[PDB]
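> Next up is a structure, given as structure tokens.
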Amino acid sequence: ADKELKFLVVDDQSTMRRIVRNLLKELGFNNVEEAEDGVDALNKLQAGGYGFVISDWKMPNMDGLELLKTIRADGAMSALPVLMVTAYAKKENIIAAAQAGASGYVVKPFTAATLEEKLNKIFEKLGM
Ligand code: BEF
Ligand SMILES: [Mn+2]
């Protein structure tokens, strides 16, 4: 994928945002911004230019399933890649996120290799 691809990393825990941002840097992606919940995310997205969203689920103000649904329903951003990265591991959560249009889903805790693999799977699916 294009190394200038602009990522938005959304998680309500600063530790997890730092993990994901650092992993992206190792993969050669430095154009990375952060958000703390779905509302903060949407504000950043409105500003434009984003090419990929990595999102937590459990967050105050707007949770990540609502964020994913909002993105998918909005004409300006309906095709934005959204990778869910969450501690929710139950199949009903996986099903609800998949049905809502998630591009992929990673369960926390996750290894660097898992994040790379799942990002690549999405790049290949979308021809990026
Ligand atoms: F708080 Be997240 F869904 F891991
Ligand atoms: Mn959370």
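Along the chain as shown, the residues are counted starting at 1.
Structure method, as recorded: X-ray crystallography, 1.9 Å.
Even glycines carry a Cβ here, placed using N, Cα and C.
What Swiss-Prot records for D56 is 4-aspartylphosphate. What Swiss-Prot records for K91, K108 is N6-acetyllysine.
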> Would you mind sorting out which modified residues among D56, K91, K108 put a C-beta under 6 angstroms from ligand 1?
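By the Cβ criterion, which requires under 6 Å to ligand 1, the hits are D56, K108.
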> Cβ under 6 Å from ligand 2: which of the modified residues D56, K91, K108 qualify?
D56
> Secondary structure at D56 (4-aspartylphosphate) (DSSP, helix/strand/coil)?
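DSSP assigns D56 (4-aspartylphosphate) to coil.
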> Other Cβ atoms within 10 Å is the metric here; tell me which of the modified residues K91, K108 scores highest.
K108
> Near the residue listed as '4-aspartylphosphate', how many other Cβ atoms are within 10 Å of its Cβ?
27
